[PDB]
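Colleague: Residue numbers (the deposited numbering), protein chains in the order written: chain A, 17 to 64, 85 to 261, 409 to 477, 494 to 716; chain H, 17 to 64, 85 to 261, 409 to 477, 494 to 716; chain B, 17 to 64, 85 to 261, 409 to 477, 494 to 716.
Even for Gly, the Cβ is constructed at its ideal location relative to N, Cα and C.
Starting off with a structure, shown below.
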Amino acid sequence: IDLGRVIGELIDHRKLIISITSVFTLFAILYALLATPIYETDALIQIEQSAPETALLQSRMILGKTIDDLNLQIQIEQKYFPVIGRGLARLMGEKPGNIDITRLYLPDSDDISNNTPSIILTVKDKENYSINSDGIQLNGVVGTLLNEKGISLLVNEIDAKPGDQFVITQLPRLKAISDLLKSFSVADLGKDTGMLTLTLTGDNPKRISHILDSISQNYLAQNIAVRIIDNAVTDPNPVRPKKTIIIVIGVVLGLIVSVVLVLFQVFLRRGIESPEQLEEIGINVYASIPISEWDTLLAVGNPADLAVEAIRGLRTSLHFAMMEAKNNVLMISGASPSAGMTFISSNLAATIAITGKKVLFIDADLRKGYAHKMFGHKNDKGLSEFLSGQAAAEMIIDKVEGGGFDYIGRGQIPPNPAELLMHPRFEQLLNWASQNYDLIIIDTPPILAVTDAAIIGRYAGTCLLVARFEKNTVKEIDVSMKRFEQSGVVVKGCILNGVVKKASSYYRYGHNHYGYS
Amino acid sequence: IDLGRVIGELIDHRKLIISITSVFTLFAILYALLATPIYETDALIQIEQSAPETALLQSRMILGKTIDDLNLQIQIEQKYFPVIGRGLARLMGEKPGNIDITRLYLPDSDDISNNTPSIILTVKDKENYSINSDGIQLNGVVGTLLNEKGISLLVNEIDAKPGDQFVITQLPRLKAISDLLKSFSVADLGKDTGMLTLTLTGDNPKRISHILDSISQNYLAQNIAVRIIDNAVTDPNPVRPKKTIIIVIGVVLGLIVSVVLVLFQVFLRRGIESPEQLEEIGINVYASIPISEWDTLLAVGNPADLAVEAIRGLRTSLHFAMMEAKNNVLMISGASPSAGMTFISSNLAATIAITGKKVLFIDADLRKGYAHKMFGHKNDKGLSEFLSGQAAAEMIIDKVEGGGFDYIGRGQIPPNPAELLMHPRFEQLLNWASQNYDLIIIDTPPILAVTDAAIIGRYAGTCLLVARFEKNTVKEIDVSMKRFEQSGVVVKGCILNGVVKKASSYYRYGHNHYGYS
Amino acid sequence: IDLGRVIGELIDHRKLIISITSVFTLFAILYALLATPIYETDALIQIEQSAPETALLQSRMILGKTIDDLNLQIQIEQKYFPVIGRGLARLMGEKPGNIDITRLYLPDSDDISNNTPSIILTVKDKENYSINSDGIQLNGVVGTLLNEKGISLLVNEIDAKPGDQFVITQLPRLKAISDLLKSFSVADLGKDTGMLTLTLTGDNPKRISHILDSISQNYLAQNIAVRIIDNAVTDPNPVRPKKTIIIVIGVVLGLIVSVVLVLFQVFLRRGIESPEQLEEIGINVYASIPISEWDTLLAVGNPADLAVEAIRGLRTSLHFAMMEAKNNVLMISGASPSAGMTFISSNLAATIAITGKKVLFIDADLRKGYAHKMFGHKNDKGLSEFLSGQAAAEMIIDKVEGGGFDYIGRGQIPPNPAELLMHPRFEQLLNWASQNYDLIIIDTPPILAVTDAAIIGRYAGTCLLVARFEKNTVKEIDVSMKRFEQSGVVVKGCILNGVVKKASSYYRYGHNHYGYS
Ligand SMILES: Nc1ncnc2c1ncn2[C@@H]1O[C@H](COP(=O)(O)OP(=O)(O)O)[C@@H](O)[C@H]1O
Ligand SMILES: Nc1ncnc2c1ncn2[C@@H]1O[C@H](COP(=O)(O)OP(=O)(O)O)[C@@H](O)[C@H]1O
Ligand SMILES: Nc1ncnc2c1ncn2[C@@H]1O[C@H](COP(=O)(O)OP(=O)(O)O)[C@@H](O)[C@H]1O
Ligand SMILES: [Mg+2]
Ligand SMILES: [Mg+2]
Ligand SMILES: [Mg+2]
């Protein structure tokens, strides 16, 4: 590997890299724009030590005095059904509603798990409201207290629009103190001075300042039975979330994920990349057919296609490689199915037929052949019917419409194709056709699947394999050629099919293909 | 080894990896859901030092004062017979019962080992209960004290359902103090301040808070003859077990166990993996027969099987490898038993017989041959009977029903098979059959077990070995071929049998097999 | 790589390096000359400790006392519409205007985001002024206070020219204190002494000194209910921006950017650099044609060109390489389009024609040939018309005007050029022309694009490829030559075209070209 290789691999997978990075950045931006802002307030306390004073400030005594003073055991949250409703409501510019409660006494279910009883309050107007705990609907009025169904509730100054819902929870005193202690910190700022820097974070900028003022005043009143230099004020800029660092982390995470995925794909790739890989082993590659992006013959629908140009190059190579051959029969086979054998055989027959030569195309794939469908057919009396003795050599030959060559179809699918192909009638047909045609092209099944290609290849002067660009492997093609040669069939060379242009291929070998029109 | 190799090995053993990891995670989840939760309580003590105060708090004086005050030498546990009954009862939502005892005096057996006398109390109703120490049944009533059989017991406020059992133990005072000291810790929290952070853990959230309050009050009363800032309250969230870390440890442990097992299997694997291993040594592999998942011939029951397709490929290879041979006799042997010699020989005979050729199948395994069973037989007058002189060459030949070839069975098992096979009658039979049949296939025992294959191979023009996919070894096959060649028998090649597709094999060599139907 | 290579690469890309470095230095100089200068003032405070005194100086108490004393919650900035207007106005020598405000009360919109109400004040003369907040125009007079539209404003001593605009912002008290605290620092200077070094930075040298004096006096008056040794004076030399370090950083950044870009281009370069690269593979390079910077023939317009001299060298090489050839037909082809095939063929024909020989130039590029345009033409009856049977060999040959050789044009573009070139009429034409001309030069399309060159090359005794200097690749040329040789065409050698002189090429190989006139 080198700089050219890595740059080419990054250019090839650019769509994957961009998509993954964009998804990660979109998630990061959504989180940074929908997360609830958290504000911070601070105060300054002067001590005439401070090491016992920190633990006395963070003690349940002071914190619970604050909880009782400010009624922090009553928890009120506006109801947004999804996990993004609050964020989108804040983004839409809707101000958050709030209600003032000074008295709340729930029936204290106190079951095994739900230690915090909760109700839902729905606002009907500026004055009245509705309450439902477990489906039990009640109606209340601001001002007058409610004592019904074992529930005591006092709501004042509803500041919201009608239809809003609020979840009212009565959490235990220790839970409230634990929350306050989790959001409250004390420092010394000099490690020796009497200055104490109290800090408190929360999602309500006014409430956190009120809470910190209450804490400071309670501590002062306790200690005088300590000077407050700065009363608590809230920094208007939220301390969390940190949007820029969140987005940067998202970008970097997306980039590293994309890079590792690309590396895994590159290292797990095993297919053929260029004809040079085949020619290292000693396999002559006679053509490289590109992918045609255009049941019709390509060489007839679009004679000016790049794939048909590559097939004409293959025809020119064959006109020289097929001389000094024992006969005029050419067999095209391959390693794996759907490698391009029928495509290449049919289009090669078309391109050789337009040059004024008589061509016969035999579809000796007695299992899954569709040449009759691709050419327009009379399905009766095919190769199977001829081989099984129930047809003559003259009634099986047809004419391609937009072609210019004859063809023989597979007929009906037999139960014994490999035993049919061993009959001497096949060699009789080939010997008869070699005297009436200038070229016979035989299409065969793969060799790594069945043995029909190796049975047929005995009567074929020239045999070529078709290798798929990314699917097949060099070892696979070597295995196919050695299995052919083990049965007495000499494979002339190979044909790489379905080639596409890649930047890594350019930085390793080169272009090796152009357009000229 | 490389990335492709390791990924293939992980993919192959994925069932083992998943099973082991799932078992480990299931055990971890069961432990984390059935373990008893352990709560924690804490208090704050202010000292006007604290280094002698820690050791005075953790002293037997204070701890035993607490034990005597709270009657902690009476141990009560609800009876759950299994080691998971308590956990499953807690999961099922059953509240744990408890009883209040203020007086307990067991007869104090005080034997060599059982220093803690214990009894079992069974609840009958809200008022009465039953007591049995060593089978001695007694009945008691809440309120009135019991003084019978040297046992004094006072039970108040039974809060449980009838049928519950409780193990009541009177552990010694030092044992109670040791337990309390094990569950009790003191810290300074400033290393210089007068603040002390007392901590106590246990499985009863109310009891641990009561115990810590008693400890604090006893220490205060002792010291005044120290300020208590925070009385003990229990954190409702248990501190143990830590479910998430337990589950993560379980997952990681399962993964590492699976990986090490996979590595051991990979490094201890010795069998053949591909025909390339055999061809490195110079052994021509003529076929690779896959495992057929479908006493019948495969080539007759399922002629369209993948194994029968591979056997047809072998037939095509043999039609070319068996030319220029001294005669038309083919001997199939192998290295080890149950390698596939009879399977391959019989199916090869069937596939060569369907092509209109006359085939004779001789079962020259005079020890454990079952070809007659597989073909349908007249067990009389087999090869043994012919060789021992008590039969003619015409009465030993039979007909396969769904075959199309003749066969000769082994007859009765002789006591001297290797000495029977050395008789000139065997060569006479082969010479006679070579004039009446187009092909003779001889099935033989292994060569690493007996010498019959090497005796027979003298009269066979072509000899092929059958190697099992994972069982046999390259060295084993080389030993077999050299033992054959040492006795004057030239082995043409090999046949790999029982091949299966593996991801490691793909990432090392390739597919090398396909389906086409 | 070595010193010669790196020096040559730096010399080649000197224009890029200089341009990038100059752009970076220009940006750095513009920033350092347009950034607003920031001045610094300092004072000395003596303490009779100082560790609590630092935090008491930097406290909201003292800072807010200063804010209230100096009315620092009224923010006034002169209006410059661009982000460089202030800098360019300072550079132009314009003194910055200022206004004195002692009373400002905006209606306090206090919306969701814009917590700082702001207005714009436009100066009409030394006395009057205009005010517009959101389009509401008001007129005021220095002296008399304004109480209109809920806005209270008092402006004194307007010192500016008419037409100036000022943005007047009433930022909140905490924001003002935060700004002052951000620009204010305290140190001890001895870590033990009572000396305190107060510092304050800002863009107004007089205002920052006044602010620091107010801070010092407020702290003194608070502490006496501390000695001021040095009252605050402003250092006239701004502390920021640091112009020299900014410019040096710009220079170094430009240099490193240029170097990394040059390294990337060098490592991603893949084209041919010298004939030695081709001759390593075994390809005889017969010429190297330089770029001609001078629809006309070069060999006729400028016969004394360096490119025409290189073509005469090629002619001298050909007069020796074309002996012992089967005929007098020369085919010039190449790997990729726009490599120089038509240029080289036409100019070579001209240079061989001026030596008194009869030359025929055939334009066998039946797809995109423009030789008729380059020579002056009668477009009728070209090579296509001859090959398609509708013309004679005598009506297709024309005369080049400023040439001295005949030529055959492509005629009309046919739909089947490759099938036309396979007609025996082409060989008949070549055989006829080889008896009437001393040399035939055939121009062909590329070979990596189409197969026409490989069809034609059968009848050509000598074939040469044209390689482009930087565009084509050694692997590309090897692929072209092997594709030619695979179709039975023997390529004699290569011709490097479009060569330019480079310092890296000199320090690797040498000059290899000179001028002599
Ligand atoms: N270079 C190619 N460009 C476009 N289509 C192709 C190409 N090669 C094969 N195909 C098409 O993809 C399908 C599979 O190829 P096919 O030749 O039919 O399989 P097989 O070789 O096993 O007989 C076919 O529909 C074929 O037309
Ligand atoms: N590729 C295979 N697929 C399915 N079954 C097989 C295969 N090879 C062997 N067997 C079966 O496994 C058993 C053992 O093989 P066998 O040929 O009888 O042993 P041996 O070679 O020693 O005579 C047999 O029942 C056989 O049918
Ligand atoms: N060494 C060169 N100096 C100046 N111009 C050149 C040189 N080589 C090619 N060209 C000009 O650049 C253009 C492309 O070259 P051309 O020979 O026409 O392409 P092709 O080889 O594919 O037929 C032409 O206009 C040509 O005149
Ligand atoms: Mg096909
Ligand atoms: Mg057997
Ligand atoms: Mg051209």
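(1) Which residue marks the beginning of the beta strand (DSSP E) containing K556/A, and which one marks its end?
(2) Taking C-alpha atoms, which residue in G709/B, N671/B, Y708/B, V435/B lies nearest to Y705/A?
(3) Whose C-alpha, out of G656/A, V434/A, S166/A, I112/A, is nearest the C-alpha of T152/A?
(4) So, is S471/H buried or exposed, given that buried needs 16 or more other C-beta atoms within 10 angstroms?
(5) At least one CB of chain B closer than 8 Å to the CB of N711/A: is that the case?
(6) Please classify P645/H: is it buried, with 16 or more other beta-carbons within 10 angstroms of its beta-carbon, or exposed?
(7) For the pair the segment 429-440 of chain H and the segment 32-45 of chain H, tell me if three or more CB-CB distances fall below 8 Å.
(8) Does the beta-carbon distance from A570/B to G603/B come in below 8 Å?
(9) Within the same chain, show all residues whose beta-carbon is closer than 7 Å to that of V688/B, passing over the 5 residues directly before and after it, in chain order.
(10) Tell me whether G581/A, by its Cβ, gets closer than 7 Å to a heavy atom of ligand 6.
(11) Kindly indicate which three-state DSSP category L32/B falls into: helix, strand or coil?
(12) Listing by chain order, which chain A residues have their CB less than 8 Å from the CB of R566/B?
(13) For the alpha helix (DSSP H) that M680/B lies in, which residues bound it at each end?
(14) Give me the residue from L216/H, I464/H, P473/H with the minimum Cα distance to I103/H.
(15) Would you mind working out which of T650/H, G714/H, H710/H sits nearest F683/H, comparing C-alpha positions?
(16) On the three-state DSSP scale, how would you describe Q206/A?
(17) Are the beta-carbon atoms belonging to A498/H and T550/H less than 8 Å from one another?
(18) Starting from the beta carbon of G687/A, find every residue of chain H whose beta carbon is closer than 8 Å, and list them in chain order.
(19) Taking C-alpha atoms, which residue in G186/B, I194/B, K185/B lies nearest to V177/B?
(20) Just mark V558/B as buried or exposed, buried being the case when its beta carbon has 16 or more other beta carbons within 10 Å.
(21) Determine the chain B residues that contact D413/A at a beta-carbon separation under 9 Å, and present them in chain order.
(22) Which residues of chain H have a Cβ atom closer than 9 Å to the Cβ of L210/A, listed in chain order?
(23) Answer yes or no: the CB of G656/H versus the heavy atoms of ligand 5, is any distance below 7 Å?
(24) Would you tell me roughly how many angstroms separate the C-alpha atoms of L26/A and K700/A, rounded to the nearest one?
(25) At a cut-off of 7 Å, is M540/B close to ligand 6 when judged by its beta-carbon and the heavy atoms of the ligand?
(26) Looking at chain A, which residues of the segment 218-248 of chain H have a Cβ within less than 7 Å of any of its Cβ atoms?
(27) One question on the structure: do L513/H and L547/H come within less than 8 Å of each other, judged by their Cβ atoms?
(28) With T417/H as the anchor, note down where its beta strand (DSSP E) starts and where it stops.
(29) Beta carbon of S475/B: closer than 7 Å to some heavy atom of ligand 3?
(30) Pairs of beta-carbons, one from the segment 211-225 of chain B and one from the segment 181-188 of chain B, closer than 8 Å: are there three or more?
(31) Please report the distance separating the alpha-carbon of residue 311/H from that of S679/B.
(32) Could you tell me the alpha carbon to alpha carbon distance between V673/B and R667/B, rounded to whole angstroms?
(33) Keeping to the same chain, check which residues put their C-beta closer than 6 Å to that of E56/B; ignore five residues upstream and five downstream.
(34) Please indicate yes or no: does the CB of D564/B lie closer than 7 Å to some heavy atom of ligand 4?
(35) Within the 8 Å Cβ cut-off, does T643/A reach chain B?
(36) For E508/H, which residues in chain A fall below 9 Å Cβ to Cβ?
Modeller: This is what the structure gives:
(1) According to the DSSP assignment, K556/A belongs to no beta strand (DSSP E), since it is labelled neither H nor E.
(2) Closest option to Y705/A, Cα to Cα, is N671/B.
(3) Ranking the options by Cα distance to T152/A, first place goes to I112/A.
(4) The residue in question, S471/H, is buried, as its Cβ has 16 or more Cβ neighbours within 10 Å.
(5) True, the Cβ-Cβ gap to chain B drops below 8 Å.
(6) Here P645/H is buried: its Cβ has 16 or more other Cβ atoms, across all protein chains shown, within 10 Å.
(7) Contact holds: three or more Cβ-Cβ distances are below 8 Å.
(8) No, Cβ-Cβ distance for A570/B and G603/B is not below 8 Å.
(9) Taken in chain order, the residues that qualify are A653, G656, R657, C662.
(10) Look at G581/A: its beta carbon is at least 7 Å from all of the heavy atoms in ligand 6.
(11) Helix at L32/B.
(12) Proximity of chain A to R566/B at the Cβ level (cut-off 8 Å) is accounted for by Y715, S716, in chain order.
(13) Where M680/B is concerned, the enclosing alpha helix (DSSP H) stretches over 673-685.
(14) When only C-alpha atoms are compared, the closest one is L216/H.
(15) Selection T650/H, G714/H, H710/H evaluated against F683/H yields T650/H as nearest (Cα-Cα).
(16) Strand at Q206/A.
(17) Against a cut-off of 8 Å, the Cβ pair of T550/H and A498/H comes out as a contact.
(18) By Cβ distance, chain H contributes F519.
(19) Shortest Cα-Cα distance from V177/B to any of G186/B, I194/B, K185/B involves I194/B.
(20) Buried: at least 16 other Cβ atoms inside 10 Å.
(21) Chain B residues near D413/A: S95, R96, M97.
(22) Simply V416, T417, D418, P419.
(23) Checking every heavy atom of ligand 5 against the Cβ of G656/H, none is found closer than 7 Å.
(24) If I take the Cα positions, the gap works out to 14 Å.
(25) Yes.
(26) Answer set for the segment 218-248 of chain H: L225, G226, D228, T229, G230, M231.
(27) Contact: yes.
(28) Counting along the chain, the beta strand (DSSP E) containing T417/H begins and ends at 410-423.
(29) Here the distance from the Cβ of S475/B to the nearest heavy atom of ligand 3 is below 7 Å.
(30) Segment contact: the segment 211-225 of chain B against the segment 181-188 of chain B, fewer than three CB-CB distances shorter than 8 Å; contact not assigned.
(31) Because chain H is numbered 261 and then 409 with no intervening positions, residue 311/H cannot be located in this model.
(32) Rounded to the nearest angstrom, the two C-alpha atoms are 10 Å apart.
(33) Apart from the 5 residues on each side of it in sequence, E56/B sits with its Cβ closer than 6 Å to the Cβ of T237, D418, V422 in its chain, given in chain order.
(34) Checking every heavy atom of ligand 4 against the Cβ of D564/B, none is found closer than 7 Å.
(35) Output row for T643/A: interface = no.
(36) In chain order: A617, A648, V649, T650.
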